[PDB]
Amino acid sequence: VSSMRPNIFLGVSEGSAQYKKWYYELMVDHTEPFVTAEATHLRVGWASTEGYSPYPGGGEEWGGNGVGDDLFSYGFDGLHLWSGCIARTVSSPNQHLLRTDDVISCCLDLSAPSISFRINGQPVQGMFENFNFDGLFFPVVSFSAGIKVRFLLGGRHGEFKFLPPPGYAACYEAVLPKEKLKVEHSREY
């Protein structure tokens, strides 16, 4: 499984009076038809830097693993929410596994805290809430071979298809000052 993420890192510093509600969308451009359902993986959501792999000297690195396959990430696959390698079904209109032209809205509310999703503008009935966190969250997607997706982070270069829920800010605005917005892709060698 491959993974992609932008360089957008969201957290709370107590007393900083930060913006705490963040929104982005993912558009699915292509999935592979001629592959089996067990060989297909497409999940989108959020992950925490607390899930990084440790290195000598206190270093920590993103592992690029499947969204929801650990205790520090939270994914949606169209039918299910994933966390801790466990899937749970959630309802949405016309619910289906993620496919070409789906637009997934991803919501992170660090004041709750909560994570929720929309599919093609419509609420997904089921959320993650009151999870403990100790790190920074980033948008993330994981996918099997040949799948093509794009982050829509807001603004001229990734316009949202849907209006964010009240109180939510566009993820592109959270880039660190002086850094350029970039997308990182991880794949097995």
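One rule holds for the numbers: they count along the sequence shown, beginning at 1.
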| query | finding |
| --- | --- |
| Mean C-alpha temperature factor, higher of 15-23 and 174-182 | 174-182 |
| Between 141-149 and 160-168 (mean CA B-factor, as deposited), the higher | 141-149 |
| Peak C-alpha temperature factor (PDB record), options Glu32, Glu50, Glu61, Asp69 | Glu32 |
| Among modelled residues of the same chain, the CA temperature factor third for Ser105 | lowest |
| Position of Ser114 among the chain's modelled residues by C-alpha B-factor, lowest, middle or highest third | lowest |
| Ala39 - Cα temperature factor, lowest/middle/highest third of chain | highest |
| Chain-relative CA temperature factor third for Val1 | highest |
| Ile86 - which third its CA temperature factor falls in, relative to the rest of the chain | highest |
